[PDB]
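Novice: Just the starting chains for now, same placement as in the complex:
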Amino acid sequence: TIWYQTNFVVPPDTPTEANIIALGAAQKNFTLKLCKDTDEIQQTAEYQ
Amino acid sequence: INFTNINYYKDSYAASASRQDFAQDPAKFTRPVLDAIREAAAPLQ
Amino acid sequence: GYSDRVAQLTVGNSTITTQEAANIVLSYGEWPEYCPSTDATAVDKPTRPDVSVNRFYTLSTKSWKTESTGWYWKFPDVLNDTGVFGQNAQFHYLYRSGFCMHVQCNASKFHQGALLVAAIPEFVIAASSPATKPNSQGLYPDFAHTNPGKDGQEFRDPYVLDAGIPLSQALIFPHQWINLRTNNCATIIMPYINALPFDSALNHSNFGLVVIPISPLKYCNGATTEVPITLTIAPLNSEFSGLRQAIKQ
Amino acid sequence: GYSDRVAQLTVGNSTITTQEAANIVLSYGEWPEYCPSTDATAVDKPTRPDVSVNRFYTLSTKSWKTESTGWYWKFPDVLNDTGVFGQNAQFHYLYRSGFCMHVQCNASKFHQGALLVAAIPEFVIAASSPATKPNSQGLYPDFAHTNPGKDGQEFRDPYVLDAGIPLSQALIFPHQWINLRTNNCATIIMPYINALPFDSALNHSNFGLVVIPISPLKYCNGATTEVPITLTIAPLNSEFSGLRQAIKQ
Amino acid sequence: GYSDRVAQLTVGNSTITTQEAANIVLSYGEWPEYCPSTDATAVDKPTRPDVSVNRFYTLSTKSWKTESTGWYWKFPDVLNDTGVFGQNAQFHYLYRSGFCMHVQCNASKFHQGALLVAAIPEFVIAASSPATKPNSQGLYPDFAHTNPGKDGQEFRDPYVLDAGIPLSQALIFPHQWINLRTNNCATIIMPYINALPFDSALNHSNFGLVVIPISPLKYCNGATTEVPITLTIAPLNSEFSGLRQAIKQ
Amino acid sequence: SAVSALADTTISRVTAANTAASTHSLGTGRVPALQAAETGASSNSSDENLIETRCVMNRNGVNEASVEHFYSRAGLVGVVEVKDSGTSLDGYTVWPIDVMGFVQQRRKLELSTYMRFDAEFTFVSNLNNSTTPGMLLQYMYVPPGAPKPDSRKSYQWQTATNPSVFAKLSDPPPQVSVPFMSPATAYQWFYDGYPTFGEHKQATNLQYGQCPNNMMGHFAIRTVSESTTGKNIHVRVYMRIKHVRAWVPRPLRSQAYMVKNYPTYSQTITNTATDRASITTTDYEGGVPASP
């Protein structure tokens, strides 16, 4: 969760709303196991 | 006693998969920069 | 142990200075190099016009707007009609080179927004079909969208990079951000990446160069509205072989 | 030979980062330490819950206004009902600990004002009597003013620290300023100061933690009006002895 | 070459003396130990509140009657709401510990009867269904029977341990008898047994602690009728990790 | 001798990175948490520098995440119907070798831009009712340029040079190992270019992206029969990739495929992440709070 520790303070004549971009990744001790088939994309017919 | 990784045919591409050369070098995708940045440092100083 | 904010890139008779620079991305940690004799296949002696073609070319300037989607270029295609590089690409069948792409976008400390500058190898452009089966013309993109030239082409669906792949994972490619609060330029040095030592600079485009606004440009009334984005590139270690009559396309 | 503006305080599972920090005040040049066997008096083995209680607790956020007088907390009292520290303070008769108080207040470069953050040992609160002789109730402050809990108590007369001593000399105590043009935080590491090796965390409050606006908060129309002040503290080297039934107050 | 009848168990600030003791059962010949760094998996530093939680807790006293069936407790569940141990079990996600269970039952030299005190790891409680097929509610025991708390739960069918396994073979578990003519207590030291280094003290109960009267209590008119059975336990080498908000159940 | 060679063939385990013990740090100028994502580099922050960690001698094996193990798994790449009944009494069929017809193999392959590998092709052939009567089949590989058969009796089935496999349906599935056959250094799943010169002003422009270095001919399959058999045969081709070399990883495809040789997504773009109610809702009930 992301909370406002303090406010988002701006001077006059500057946008009061901005964006935060989150970039996710793994650490050096990351590991995977038991390779399987994904469920991301489906197919109902050959691509001919 | 393991009896595997033996090729029975004259052509080398007939051998089984080469699963004894695991190498990990993530620096070419995670730190593709010129000036190496120390972890404990402010990157843009 | 850190990176300085100022930088100067000098190649050929051109020099680019920047005072708010993040770093310089060396794609895949490999510098551009000439084709080694161990990997070459053509027997003709290549030509290496050192300083006449390996130099910075300021090519196109697009105006960043609040509803902009982004633009993309193809590296060999964007330089095929400019300078001594364009001539050597037209007169020779074979060509290979790296490049140093430099995207410039400055704004006041009162603007905001972030661009994603990535160099995509083999950036095959997709067409979005309206669910039509019978292999209509709208199944393949026209030549204006695959080889945009020096003007570039603005994205239709930046969310899928106009290629069906998610934009969020485009950071797997050599990339850099232009965050207006942090830096005003993005530098990417890219070596020659191809399954062949040489290739035609006219048919094959080795890299796609995308500039996509992730966080839209926002400012308040009174600030400068026209915020341009300039693309400057420079071939590195460019060779050509197979001389013949100049071929345009 | 100088102090860096950035700092990171990591204790327990909590981490506090700041990018505009003045310094870190080490009160009286002594670090918090466990009670040496030469100075201890109780024979029961103390418990030292290392990382469960020695950690940063963000407790209260007060809104700084242009007519604010200031607020004060009492260190053992403000943590007696939070987390594993509060439980150990309720289950044990004896307690001792230092702390690292961290007050956070950020504002734009267009605001102004300065806070005085001081850690006052044995901050006995006074009552202001209306010149009444016959030992009326208004001769002694109620419990809400002596032990404000985690919400703190706002000063009635900050000029005399609500204790009859002049505010101008409060700098004799371990203090730090939060000058909005210079820094946005104040850090004070305080060792356990008491005439006894251990003491009750419920009856006795070792330190008072005051935050008083000397230069009032001023800004122009259009700036963010709500400027909060957050108090984060962390016990250091906290021990407890004399286990029995949990006692609330 | 023998075992003395007197014994004293001192852990924490608690001390238990007995003058008619059989022996002390060390379950599976392994002492309770902290998780070695070779077997640990969580990276957070664990807390080890040495003497505040590793201490004897007298929890429940059941009255032994001539028609009593027996009672059972679950070790982590019986201490989840008592003392500093209960708090650390509620504030932390992960937990591991051994224990030293001590069951006390004294009677005159004119009473008779024998209890079976066993510590059953993974004591999964069964429900006795009235031969009903369609997966009715009466196919699984309610939460009051699986986690009885500190009051324990009296057996419904002690002959099958309320688990479908014969009571006669319960001696395969670390056990001890309380034979009124021989001894008046039973001590079992149990190390942390689980397929994981740490686990939740709220969901998973590592051990079941049963006290079953094999030979019923018999006496003649005039003797004291109320013969209690007191359960005193003490965690050993208890660690906790994964601090967060206190969770009750 | 070579006894030392065969002994060192078991998969040796290399473990994941260990975690070292760490303590609290109170000072300035040392900020391992602050990063600059604009530099295009991923954060080098370690757990040791953001929390207080313990010493964990990690022993989790990482060998299964290698490129070889990820790819050396035979998946379906082609379904060939040898029609010999009804309106098509061919008894033979010439299938253009393309491994981009089925999603599971295609998505895995397009993780990388260039790939150089050998393959082990397996043919699982049977009738429509899944039975396998003894029926002699001939699977002839027709390299690019070799004459393709046009009937079940044509001379091309003599196979005096073309590699050919004869096997009945009742036999175990035929299996052959195919080398890295390509004029290039690697197969190129993405070719941002055109195969020939020209204006490329065509109305369809179907040649865009077609690199002939990947086109490796056809697999001609027939039943060795004297006349029509009246039975349709389905040949499922499975490709196992070995001795893999991958280059330039790419984003995994997120839109549904539409055609075989082209990236082409529908105009109704599907989101990469499934929607939720708001930006502050998660579906995890958790436990009961001790003191709310």
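Specialist: Thanks, I have it. Numbering: from 1, shown residues only, chains lettered A, B, ... in the order given.
Novice: Helices of the stretch 51-200 of chain F, residue ranges please.
Specialist: F:67-71, F:103-109 (DSSP state H, counting those that start in this stretch).
Novice: To residue E:88, which of these lies closest?
Specialist: Minimum separation from residue E:88 across the helices of the stretch 51-200 of chain F (C-beta to C-beta) falls at helix F:67-71, 43.0 Å. For the C-beta atoms, the positions are set from N, CA and C on the backbone; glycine is no exception.
Novice: how about that closest one against chain C, any contact?
Specialist: No. Judged by C-beta under 8 Å from any C-beta of the partner chain, helix F:67-71 stays clear of chain C, getting no closer than 14.9 Å.
Novice: residues in contact with that helix?
Specialist: By C-beta atoms under 8 Å, 6 or more residues apart in numbering or on different chains, the residues outside helix F:67-71 that reach it are A:35, B:17-19, F:63, F:108, F:117, F:241-246.
Novice: Out of these, which is nearest to residue F:51?
Specialist: Of all the contacts of helix F:67-71, residue F:51 sits closest to residue F:63, with 28.7 Å by C-beta to C-beta.
Novice: Go through the contacts of helix F:67-71 and name the one nearest residue C:99.
Specialist: Distances from residue C:99 to the contacts of helix F:67-71, taken by C-beta to C-beta, are shortest for residue F:246, at 23.5 Å.
Novice: What number of neighbouring residues does the residue nearest to the closest one when sequence neighbours are not counted come out with?
Specialist: Distances taken as C-beta to C-beta, 6 or more residues apart in numbering or on different chains put residue F:112 closest to residue F:246, at 3.8 Å, once the chain neighbours are dropped. Neighbourhood size, residue F:112 [other C-beta atoms under 10 Å in any protein chain shown]: 20.
Novice: With adjacent residues omitted, what lies nearest to residue 34?
Specialist: Since you didn't name a chain, this refers to chain A. Distance criterion C-beta to C-beta, 6+ apart; nearest residue to residue A:34, sequence neighbours excluded, is residue F:64 at 7.4 Å.
Novice: Let me rephrase: I mean chain B.
Specialist: Distances taken as C-beta to C-beta, 6+ apart place residue C:24 nearest to residue B:34, at 4.4 Å, with adjacent residues excluded.
Novice: sequence below should go in as chain G:
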Amino acid sequence: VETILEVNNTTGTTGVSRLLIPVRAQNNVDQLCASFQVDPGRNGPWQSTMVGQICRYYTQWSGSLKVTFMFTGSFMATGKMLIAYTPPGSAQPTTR
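Specialist: Chain G added:
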């Protein structure tokens, strides 16, 4: 390799807008900005990540994760955020 999380995966948000966590000047204190689960293979913000898409090719995973937040406001905009990771057992925290 760090890739963009699709945190703003809300109904109605379309295109590149789904990759942005909106932050603005608050009228009250201690407000919730955004939240998401850190299960990589779970349907949600992690679906748009390279780690999230490779995890779906495997049954089990292990190791520490990493989220890098980049603020894309004005140079003049200041602020402080508390980004907390709550271990299992508890629902999403209701207060800071």
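Novice: What about the nearest residue to residue A:34 again, now that chain G is present?
Specialist: In this structure, residue A:34 finds its nearest non-sequential neighbour in residue G:59, 3.6 Å apart by C-beta to C-beta, 6+ apart.
Novice: again, but for residue F:109
Specialist: Among residues not flanking residue F:109 along the chain, residue F:189 sits closest, at 5.8 Å (C-beta to C-beta, 6+ apart).
Novice: Correct me if wrong: the one you found contacts residue F:113.
Specialist: Yes. Counting by C-beta atoms under 8 Å, residue F:189 does reach residue F:113; the two are 6.6 Å apart.
Novice: who has more neighbours, the two?
Specialist: The neighbour comparison of residue F:189 against residue F:113 (other C-beta under 10 Å) goes to residue F:113, with 24 against 20.
Novice: Now do the more buried one against residue C:159, distance only.
Specialist: 21 Å (C-beta to C-beta, to the nearest Å).
Novice: one step back: quick check: neighbours of the helix or strand containing the residue nearest to residue A:34 in the sheet, parallel or antiparallel?
Specialist: Following DSSP states H and E, one finds residue G:59 within strand G:58-62. Using DSSP bridges, strand G:58-62 pairs in its sheet with strand A:31-35 (antiparallel).
Novice: what sits up against the partner strand?
Specialist: Contacts of strand A:31-35 (C-beta under 8 Å, 6+ apart): F:16, F:60-62, F:64-65, F:69-70, F:73, G:54-55, G:57-63.
Novice: Give me the nearest residue to residue 27, chain neighbours excluded.
Specialist: I went with chain A, as the question did not name one. residue G:64 (3.8 Å).
Novice: look at chain G instead
Specialist: Of all residues not flanking residue G:27 in the chain, residue D:226 sits nearest, at 6.8 Å (C-beta to C-beta, 6+ apart).
Novice: what residues does chain A put near chain D?
Specialist: By C-beta under 8 Å from any C-beta, the part of chain A that sits against chain D consists of A:5, A:6, A:7, A:8, A:9, A:10, A:11, A:12, A:13.
Novice: one more time with 6 Å
Specialist: For chain A, the residues in contact with chain D (C-beta under 6 Å from any C-beta of the partner chain) are A:6, A:7, A:9, A:11, A:12.
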